[PDB]
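Below: the structure, in structure tokens.
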Amino acid sequence: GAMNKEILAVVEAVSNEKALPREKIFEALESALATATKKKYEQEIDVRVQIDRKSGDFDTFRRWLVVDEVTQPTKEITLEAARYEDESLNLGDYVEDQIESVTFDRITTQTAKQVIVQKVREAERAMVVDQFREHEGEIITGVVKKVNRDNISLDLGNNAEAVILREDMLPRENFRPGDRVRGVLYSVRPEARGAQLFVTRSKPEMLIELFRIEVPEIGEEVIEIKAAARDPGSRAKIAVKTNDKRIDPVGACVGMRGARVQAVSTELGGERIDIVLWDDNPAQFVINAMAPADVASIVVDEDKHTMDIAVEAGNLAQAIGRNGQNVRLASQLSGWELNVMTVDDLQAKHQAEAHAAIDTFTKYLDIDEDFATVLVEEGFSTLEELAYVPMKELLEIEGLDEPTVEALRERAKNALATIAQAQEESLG
Amino acid sequence: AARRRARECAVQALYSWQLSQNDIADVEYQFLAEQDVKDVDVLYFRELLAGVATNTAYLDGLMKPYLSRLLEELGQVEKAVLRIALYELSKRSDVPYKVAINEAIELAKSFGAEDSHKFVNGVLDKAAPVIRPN
Amino acid sequence: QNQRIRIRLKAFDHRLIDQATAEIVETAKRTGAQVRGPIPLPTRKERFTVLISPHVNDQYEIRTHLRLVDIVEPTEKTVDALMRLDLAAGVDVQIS
Amino acid sequence: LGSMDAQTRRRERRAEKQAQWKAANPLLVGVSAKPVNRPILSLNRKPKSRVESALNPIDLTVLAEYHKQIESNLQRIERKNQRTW
RNA sequence: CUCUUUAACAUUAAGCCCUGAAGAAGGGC
């Protein structure tokens, strides 16, 4: 057939190393060729081509996709033409037996050449990604060599390198060449012309792995850490738990008088650390992550899970902390929104929550005497939820269980339908 | 006492072996070749290094029946000394049960952290049934 | 090339020390080097002074451990491995 | 008894305005994290041991070597472009 | 010549002051 001498010299020059796959080259460039031949022919078709390493000549076959339907008559068949194959073909498999005219050109060489070097780029990047997969999420030490503005390049052995962005490093600390840096890598964003590893001391994974090296109980998988939240310069909160009840996880991580955690805090730049127990009840776990400051009143809205917290003043100021970040850490740990207030404002806040809505009820069906009473247990159900909750629940000795509930549902559902219709085609 | 003081040095060797997991001939040749302890006697020190045989594993199994915690969950540093103690208990039986065992709790005073010996002072009930001559 | 390596070890928390020592043995074993350790000395008492808020009119010593290992022959990979592992924090492993 | 937060001192100073706003409103709110913000990926790292990692360090020697090979051979195709003069 | 089966309790701090209810934003030194 055909074989551009230049391109053959190219594939034998950029020939893949023993670690690398030379075959992959042909797999790519034949896709390139076949795509070019496909672009030549006026009708949209599917086409393949194959080359052998021994010769360099290729052969181009235009093929159809056996299918049970009529779309793309240029590329479809039935099992009847597969009778030429002796019924060996099945649907969803595309085969044929007729070669097509193999294309020769010069401009293709260029783009063909491109694919070669193109694959090489991916070859570099991909070849590096292996090492990342080998050490993804682990702490590795390097020695700084460059100090670019707000990011530093670190040398690792065996021609390996890395980089730390300023967001990934401590807020206070600036580094210099020659300083050893312990750092967990966490991403490999593909820069143009290959990628390079990204390392971080600021991310929580630095802290978690920093605890893994320190507490063998986690290394022994005895105890699990369920989440970690941290403010790099200041403090951190971490939730631990074991289901064995054999040992205390917080005691295992703390060490002797804190000497096991303080050590990591020494590596973390003296960052304050709160170790708390992990809990499966959200609310209780929230209280545990709310520590050192703690409250006795908790309200939840699992529909939004934006729960609220109330507390004495002296413990209020402790609950918020500097700039609020205390709660911000707790929420950051809980993976859920939070809200803090004073208890005195809390009770009245619930009475207002119920009062405005009860003014809506009085605004719709108007029996303020009957509604305020129904409001007492309405708290579980919004005006839509009363209609959405099964009627099995709201039946009580108070009020009328059977005659009034039907009309109630009618009123509520009609009104909410009116709001839904007012969303669209409103004045403004 | 000074001869008894020899024993602990022998006690120290197996931990080495226990973590090096090498041929015992290497352990003895390198150990004595580096330095000689004039206080302890090799005449007796060498006989215990033979006791690496697994008969002492059979005796350590005797601790399994009653065990609040897993056999190997407890510190190997502290398990080694139990293999030694019961080596002398059944294979040797040189010192009586309460006399050897009180000293034994002192032995894990020497290297056991957080009163490890003191709680393991319960475990001596497991040793008593092997010899009713209390 | 400076084959007579000298290593001692301070050990404030035995739990980390057994594992740490075992790793220092595994790095020599995997490179191919063989050696004898840890040779533990008895527990050393280090008196402790504390300064808590004034009590009406506070630990003062905690148990420590100590180990020692050498190396028969460091392969070129054994120095990069020995420097390559990250010493468990809270324990001073200063080389002799 | 320092209590050296200027903004907190202002809070105690402006406490009456806070009381004026206290009625019939949310008092404080606190949102944090996000799914895209809270992926942590910490399921399993013990297979990689500090011995294994120290014994099998991150090696990219073959990549740089191969790279130099490529660049040399490309300069050789520019030698194909080159003429003897 | 028994002491009745192995600690865990860790955080000392980030200026002054203004607009703003805000511990949201934002400012002067």
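By convention in this document, the chains of the structure tokens carry letters A, B, ... by their order, each chain's residues are numbered from 1, and ligands are numbered from 1 in the order they are shown.
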Residues of chain C in strand (DSSP E or B), written as a PyMOL selection string: chain C and resi 5-11+41-47+61-71+95
Expected file: the selected residues, N, CA, C and O atoms, as an mmCIF file, in the first residue's frame:
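Saved result, part-v4.cif, follows:
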data_model
loop_
_atom_site.group_PDB
_atom_site.id
_atom_site.type_symbol
_atom_site.label_atom_id
_atom_site.label_comp_id
_atom_site.auth_asym_id
_atom_site.auth_seq_id
_atom_site.Cartn_x
_atom_site.Cartn_y
_atom_site.Cartn_z
ATOM 1 N N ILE C 5 27.513 2.891 60.702
ATOM 2 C CA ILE C 5 26.444 3.796 61.099
ATOM 3 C C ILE C 5 26.155 3.619 62.584
ATOM 4 O O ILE C 5 26.234 2.507 63.127
ATOM 5 N N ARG C 6 25.828 4.722 63.254
ATOM 6 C CA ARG C 6 25.583 4.729 64.691
ATOM 7 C C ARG C 6 24.225 5.363 64.941
ATOM 8 O O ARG C 6 23.999 6.517 64.567
ATOM 9 N N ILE C 7 23.321 4.614 65.569
ATOM 10 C CA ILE C 7 21.949 5.068 65.777
ATOM 11 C C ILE C 7 21.540 4.773 67.211
ATOM 12 O O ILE C 7 21.689 3.643 67.688
ATOM 13 N N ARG C 8 21.023 5.788 67.896
ATOM 14 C CA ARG C 8 20.335 5.649 69.172
ATOM 15 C C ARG C 8 18.921 6.204 69.016
ATOM 16 O O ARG C 8 18.523 6.643 67.934
ATOM 17 N N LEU C 9 18.157 6.202 70.108
ATOM 18 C CA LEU C 9 16.735 6.510 70.011
ATOM 19 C C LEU C 9 16.178 6.838 71.390
ATOM 20 O O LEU C 9 16.395 6.083 72.343
ATOM 21 N N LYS C 10 15.460 7.955 71.489
ATOM 22 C CA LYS C 10 14.668 8.270 72.669
ATOM 23 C C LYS C 10 13.201 7.997 72.376
ATOM 24 O O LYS C 10 12.742 8.108 71.236
ATOM 25 N N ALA C 11 12.463 7.642 73.423
ATOM 26 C CA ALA C 11 11.160 7.017 73.216
ATOM 27 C C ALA C 11 10.218 7.457 74.338
ATOM 28 O O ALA C 11 10.167 6.838 75.402
ATOM 29 N N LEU C 41 16.975 -0.720 76.483
ATOM 30 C CA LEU C 41 17.423 -0.481 77.842
ATOM 31 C C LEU C 41 16.210 -0.328 78.756
ATOM 32 O O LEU C 41 15.102 -0.065 78.284
ATOM 33 N N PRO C 42 16.380 -0.518 80.066
ATOM 34 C CA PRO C 42 15.254 -0.317 80.985
ATOM 35 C C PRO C 42 14.679 1.089 80.898
ATOM 36 O O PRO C 42 15.299 2.020 80.382
ATOM 37 N N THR C 43 13.459 1.226 81.411
ATOM 38 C CA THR C 43 12.784 2.517 81.421
ATOM 39 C C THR C 43 13.595 3.544 82.202
ATOM 40 O O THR C 43 14.049 3.278 83.318
ATOM 41 N N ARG C 44 13.783 4.720 81.608
ATOM 42 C CA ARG C 44 14.486 5.818 82.255
ATOM 43 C C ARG C 44 13.495 6.822 82.825
ATOM 44 O O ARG C 44 12.498 7.164 82.181
ATOM 45 N N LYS C 45 13.779 7.293 84.036
ATOM 46 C CA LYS C 45 12.961 8.302 84.689
ATOM 47 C C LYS C 45 13.522 9.689 84.394
ATOM 48 O O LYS C 45 14.707 9.951 84.624
ATOM 49 N N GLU C 46 12.671 10.565 83.870
ATOM 50 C CA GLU C 46 13.030 11.946 83.563
ATOM 51 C C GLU C 46 12.094 12.841 84.362
ATOM 52 O O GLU C 46 10.938 13.031 83.971
ATOM 53 N N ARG C 47 12.584 13.392 85.469
ATOM 54 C CA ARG C 47 11.735 14.221 86.309
ATOM 55 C C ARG C 47 11.159 15.381 85.507
ATOM 56 O O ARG C 47 11.830 15.968 84.651
ATOM 57 N N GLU C 61 6.656 13.220 86.551
ATOM 58 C CA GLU C 61 7.515 12.319 85.781
ATOM 59 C C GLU C 61 6.679 11.298 85.008
ATOM 60 O O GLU C 61 5.750 10.707 85.552
ATOM 61 N N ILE C 62 7.016 11.093 83.735
ATOM 62 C CA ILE C 62 6.324 10.125 82.894
ATOM 63 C C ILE C 62 7.344 9.160 82.295
ATOM 64 O O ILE C 62 8.503 9.513 82.046
ATOM 65 N N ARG C 63 6.902 7.925 82.076
ATOM 66 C CA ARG C 63 7.796 6.851 81.657
ATOM 67 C C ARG C 63 8.374 7.109 80.268
ATOM 68 O O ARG C 63 7.703 7.650 79.384
ATOM 69 N N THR C 64 9.640 6.721 80.082
ATOM 70 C CA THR C 64 10.331 6.828 78.804
ATOM 71 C C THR C 64 10.971 5.492 78.445
ATOM 72 O O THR C 64 11.159 4.621 79.300
ATOM 73 N N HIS C 65 11.310 5.338 77.164
ATOM 74 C CA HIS C 65 11.961 4.138 76.649
ATOM 75 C C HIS C 65 13.146 4.543 75.776
ATOM 76 O O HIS C 65 13.306 5.712 75.416
ATOM 77 N N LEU C 66 14.000 3.568 75.452
ATOM 78 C CA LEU C 66 15.217 3.818 74.684
ATOM 79 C C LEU C 66 15.595 2.565 73.896
ATOM 80 O O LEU C 66 15.487 1.453 74.415
ATOM 81 N N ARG C 67 16.066 2.754 72.657
ATOM 82 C CA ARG C 67 16.484 1.654 71.789
ATOM 83 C C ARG C 67 17.756 2.046 71.042
ATOM 84 O O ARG C 67 18.140 3.219 71.001
ATOM 85 N N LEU C 68 18.413 1.050 70.435
ATOM 86 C CA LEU C 68 19.651 1.279 69.696
ATOM 87 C C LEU C 68 19.799 0.240 68.592
ATOM 88 O O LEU C 68 19.616 -0.955 68.830
ATOM 89 N N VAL C 69 20.142 0.703 67.382
ATOM 90 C CA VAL C 69 20.362 -0.169 66.235
ATOM 91 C C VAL C 69 21.575 0.335 65.456
ATOM 92 O O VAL C 69 21.937 1.512 65.521
ATOM 93 N N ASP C 70 22.227 -0.574 64.729
ATOM 94 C CA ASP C 70 23.291 -0.234 63.789
ATOM 95 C C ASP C 70 22.868 -0.656 62.381
ATOM 96 O O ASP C 70 21.699 -0.958 62.133
ATOM 97 N N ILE C 71 23.825 -0.674 61.451
ATOM 98 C CA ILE C 71 23.592 -1.152 60.086
ATOM 99 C C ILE C 71 24.857 -1.853 59.599
ATOM 100 O O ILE C 71 25.959 -1.305 59.716
ATOM 101 N N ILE C 95 20.511 10.618 65.191
ATOM 102 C CA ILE C 95 21.524 9.633 64.819
ATOM 103 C C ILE C 95 22.801 9.890 65.606
ATOM 104 O O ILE C 95 23.216 11.041 65.789
#
Counting only C-alpha atoms, give me one row per residue of chain A with an atom at most 12 Å from an atom of chain B, showing the shortest contact pair and its distance in Å to one decimal, sorted by chain then residue number, as a Markdown table.
| residue | atom | partner | partner_atom | distance |
| --- | --- | --- | --- | --- |
| A:217 | CA | B:73 | CA | 11.6 |
| A:220 | CA | B:73 | CA | 11.1 |
| A:222 | CA | B:73 | CA | 11.3 |
| A:246 | CA | B:69 | CA | 9.2 |
| A:247 | CA | B:69 | CA | 11.2 |
| A:256 | CA | B:114 | CA | 11.1 |
Which residue, C:28, C:51, C:89, C:33, has the smallest gap to chain D when you use only C-alpha atoms?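 Using only C-alpha atoms, chain D sits closest to C:28.
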Set out as JSON lines a contact list for chain A and chain D with a cut-off of 9 Å, giving each residue of chain A that qualifies its closest atom pair and distance in Å to one decimal, counting only C-alpha atoms, ordered by chain and rising residue number.
{"residue": "A:10", "atom": "CA", "partner": "D:77", "partner_atom": "CA", "distance": 8.4}
{"residue": "A:13", "atom": "CA", "partner": "D:73", "partner_atom": "CA", "distance": 6.3}
{"residue": "A:14", "atom": "CA", "partner": "D:70", "partner_atom": "CA", "distance": 6.0}
{"residue": "A:16", "atom": "CA", "partner": "D:66", "partner_atom": "CA", "distance": 8.7}
{"residue": "A:17", "atom": "CA", "partner": "D:66", "partner_atom": "CA", "distance": 7.4}
{"residue": "A:19", "atom": "CA", "partner": "D:62", "partner_atom": "CA", "distance": 8.6}
{"residue": "A:124", "atom": "CA", "partner": "D:63", "partner_atom": "CA", "distance": 7.0}
{"residue": "A:127", "atom": "CA", "partner": "D:63", "partner_atom": "CA", "distance": 7.2}
{"residue": "A:128", "atom": "CA", "partner": "D:60", "partner_atom": "CA", "distance": 7.2}
{"residue": "A:131", "atom": "CA", "partner": "D:58", "partner_atom": "CA", "distance": 6.1}
{"residue": "A:132", "atom": "CA", "partner": "D:58", "partner_atom": "CA", "distance": 8.3}
{"residue": "A:134", "atom": "CA", "partner": "D:58", "partner_atom": "CA", "distance": 8.1}
{"residue": "A:135", "atom": "CA", "partner": "D:48", "partner_atom": "CA", "distance": 7.4}
{"residue": "A:136", "atom": "CA", "partner": "D:45", "partner_atom": "CA", "distance": 8.6}
{"residue": "A:137", "atom": "CA", "partner": "D:45", "partner_atom": "CA", "distance": 7.5}
{"residue": "A:138", "atom": "CA", "partner": "D:45", "partner_atom": "CA", "distance": 7.4}
{"residue": "A:140", "atom": "CA", "partner": "D:53", "partner_atom": "CA", "distance": 8.8}
{"residue": "A:156", "atom": "CA", "partner": "D:58", "partner_atom": "CA", "distance": 7.8}
{"residue": "A:157", "atom": "CA", "partner": "D:59", "partner_atom": "CA", "distance": 7.0}
{"residue": "A:158", "atom": "CA", "partner": "D:59", "partner_atom": "CA", "distance": 4.9}
{"residue": "A:159", "atom": "CA", "partner": "D:61", "partner_atom": "CA", "distance": 5.4}
{"residue": "A:160", "atom": "CA", "partner": "D:60", "partner_atom": "CA", "distance": 5.4}
{"residue": "A:161", "atom": "CA", "partner": "D:60", "partner_atom": "CA", "distance": 8.9}
{"residue": "A:204", "atom": "CA", "partner": "D:40", "partner_atom": "CA", "distance": 7.7}
{"residue": "A:205", "atom": "CA", "partner": "D:40", "partner_atom": "CA", "distance": 6.9}
{"residue": "A:208", "atom": "CA", "partner": "D:42", "partner_atom": "CA", "distance": 8.1}
{"residue": "A:209", "atom": "CA", "partner": "D:42", "partner_atom": "CA", "distance": 8.6}
{"residue": "A:212", "atom": "CA", "partner": "D:46", "partner_atom": "CA", "distance": 9.0}
{"residue": "A:213", "atom": "CA", "partner": "D:50", "partner_atom": "CA", "distance": 8.6}
{"residue": "A:219", "atom": "CA", "partner": "D:46", "partner_atom": "CA", "distance": 6.3}
{"residue": "A:220", "atom": "CA", "partner": "D:46", "partner_atom": "CA", "distance": 8.2}
{"residue": "A:221", "atom": "CA", "partner": "D:46", "partner_atom": "CA", "distance": 8.5}
{"residue": "A:225", "atom": "CA", "partner": "D:42", "partner_atom": "CA", "distance": 9.0}
{"residue": "A:227", "atom": "CA", "partner": "D:40", "partner_atom": "CA", "distance": 8.1}
{"residue": "A:228", "atom": "CA", "partner": "D:40", "partner_atom": "CA", "distance": 8.6}
{"residue": "A:306", "atom": "CA", "partner": "D:31", "partner_atom": "CA", "distance": 8.2}
{"residue": "A:308", "atom": "CA", "partner": "D:29", "partner_atom": "CA", "distance": 8.4}
{"residue": "A:322", "atom": "CA", "partner": "D:5", "partner_atom": "CA", "distance": 8.8}
{"residue": "A:324", "atom": "CA", "partner": "D:30", "partner_atom": "CA", "distance": 8.2}
{"residue": "A:327", "atom": "CA", "partner": "D:30", "partner_atom": "CA", "distance": 6.8}
{"residue": "A:328", "atom": "CA", "partner": "D:32", "partner_atom": "CA", "distance": 5.9}
{"residue": "A:329", "atom": "CA", "partner": "D:32", "partner_atom": "CA", "distance": 7.8}
{"residue": "A:330", "atom": "CA", "partner": "D:32", "partner_atom": "CA", "distance": 8.7}
{"residue": "A:331", "atom": "CA", "partner": "D:32", "partner_atom": "CA", "distance": 5.6}
{"residue": "A:332", "atom": "CA", "partner": "D:33", "partner_atom": "CA", "distance": 5.1}
{"residue": "A:333", "atom": "CA", "partner": "D:33", "partner_atom": "CA", "distance": 8.2}
{"residue": "A:334", "atom": "CA", "partner": "D:33", "partner_atom": "CA", "distance": 8.7}
{"residue": "A:335", "atom": "CA", "partner": "D:33", "partner_atom": "CA", "distance": 5.9}
{"residue": "A:336", "atom": "CA", "partner": "D:32", "partner_atom": "CA", "distance": 6.9}
{"residue": "A:337", "atom": "CA", "partner": "D:31", "partner_atom": "CA", "distance": 4.3}
{"residue": "A:338", "atom": "CA", "partner": "D:30", "partner_atom": "CA", "distance": 4.8}
{"residue": "A:339", "atom": "CA", "partner": "D:29", "partner_atom": "CA", "distance": 4.4}
{"residue": "A:340", "atom": "CA", "partner": "D:28", "partner_atom": "CA", "distance": 5.7}
{"residue": "A:341", "atom": "CA", "partner": "D:27", "partner_atom": "CA", "distance": 6.0}
{"residue": "A:342", "atom": "CA", "partner": "D:27", "partner_atom": "CA", "distance": 8.4}
{"residue": "A:345", "atom": "CA", "partner": "D:22", "partner_atom": "CA", "distance": 7.7}
{"residue": "A:348", "atom": "CA", "partner": "D:24", "partner_atom": "CA", "distance": 8.6}
{"residue": "A:349", "atom": "CA", "partner": "D:24", "partner_atom": "CA", "distance": 7.0}
{"residue": "A:352", "atom": "CA", "partner": "D:24", "partner_atom": "CA", "distance": 6.9}
{"residue": "A:353", "atom": "CA", "partner": "D:24", "partner_atom": "CA", "distance": 8.8}
Please return, as a ChimeraX atom specification, all residues of chain E lying within 8 Å of chain A when only C-alpha atoms (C1' of nucleotides) are considered. /E:7-11,23
Restricting the output to N, CA, C and O atoms (P, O5', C5', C4', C3', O3' and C1' of nucleotides), write the selected residues as a PDB file, in the first residue's frame.
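New file result_5.pdb:
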ATOM      1  P     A E   7      -4.393   1.431  81.218  1.00  0.00           P
ATOM      2  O5'   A E   7      -3.965   2.313  79.957  1.00  0.00           O
ATOM      3  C5'   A E   7      -4.472   3.629  79.750  1.00  0.00           C
ATOM      4  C4'   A E   7      -3.761   4.626  80.628  1.00  0.00           C
ATOM      5  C3'   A E   7      -4.139   6.090  80.426  1.00  0.00           C
ATOM      6  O3'   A E   7      -4.570   6.669  81.655  1.00  0.00           O
ATOM      7  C1'   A E   7      -1.763   5.813  80.390  1.00  0.00           C
ATOM      8  P     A E   8      -6.140   6.969  81.850  1.00  0.00           P
ATOM      9  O5'   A E   8      -6.365   8.354  81.091  1.00  0.00           O
ATOM     10  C5'   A E   8      -6.443   8.418  79.668  1.00  0.00           C
ATOM     11  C4'   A E   8      -5.316   9.240  79.088  1.00  0.00           C
ATOM     12  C3'   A E   8      -5.762  10.421  78.238  1.00  0.00           C
ATOM     13  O3'   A E   8      -5.145  11.663  78.602  1.00  0.00           O
ATOM     14  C1'   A E   8      -4.322   8.965  76.969  1.00  0.00           C
ATOM     15  P     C E   9      -3.692  11.803  79.276  1.00  0.00           P
ATOM     16  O5'   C E   9      -3.627  13.369  79.564  1.00  0.00           O
ATOM     17  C5'   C E   9      -4.644  13.991  80.348  1.00  0.00           C
ATOM     18  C4'   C E   9      -5.179  15.268  79.734  1.00  0.00           C
ATOM     19  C3'   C E   9      -6.241  15.971  80.584  1.00  0.00           C
ATOM     20  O3'   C E   9      -6.032  17.401  80.648  1.00  0.00           O
ATOM     21  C1'   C E   9      -7.162  15.395  78.460  1.00  0.00           C
ATOM     22  P     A E  10      -6.562  18.494  79.577  1.00  0.00           P
ATOM     23  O5'   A E  10      -5.724  18.207  78.256  1.00  0.00           O
ATOM     24  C5'   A E  10      -4.316  18.382  78.252  1.00  0.00           C
ATOM     25  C4'   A E  10      -3.788  18.798  76.902  1.00  0.00           C
ATOM     26  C3'   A E  10      -4.171  20.185  76.414  1.00  0.00           C
ATOM     27  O3'   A E  10      -3.370  21.196  77.007  1.00  0.00           O
ATOM     28  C1'   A E  10      -4.287  18.601  74.633  1.00  0.00           C
ATOM     29  P     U E  11      -3.935  22.686  77.217  1.00  0.00           P
ATOM     30  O5'   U E  11      -4.063  23.268  75.741  1.00  0.00           O
ATOM     31  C5'   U E  11      -2.905  23.549  74.963  1.00  0.00           C
ATOM     32  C4'   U E  11      -3.233  24.418  73.775  1.00  0.00           C
ATOM     33  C3'   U E  11      -3.701  25.837  74.106  1.00  0.00           C
ATOM     34  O3'   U E  11      -3.227  26.728  73.101  1.00  0.00           O
ATOM     35  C1'   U E  11      -5.366  24.732  72.855  1.00  0.00           C
ATOM     36  P     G E  23     -19.462  42.272  63.092  1.00  0.00           P
ATOM     37  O5'   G E  23     -18.421  41.271  63.765  1.00  0.00           O
ATOM     38  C5'   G E  23     -17.656  40.373  62.972  1.00  0.00           C
ATOM     39  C4'   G E  23     -18.157  38.957  63.100  1.00  0.00           C
ATOM     40  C3'   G E  23     -19.461  38.647  62.384  1.00  0.00           C
ATOM     41  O3'   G E  23     -19.229  38.339  61.020  1.00  0.00           O
ATOM     42  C1'   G E  23     -19.457  37.700  64.578  1.00  0.00           C
TER      43        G E  23
END
**Item:** Surrounding residues of region 86-103 of chain A excluding itself and chain neighbours under 4 positions, 6 Å, only C-alpha atoms (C1' of nucleotides), as a ChimeraX atom specification
**Value:** /A:60-67,82
How many Å separate CA of residue 18 (chain B) from CA of residue 40 (chain C)?
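We find that CA of residue 18 (chain B) and CA of residue 40 (chain C) lie 12.0 Å from each other.
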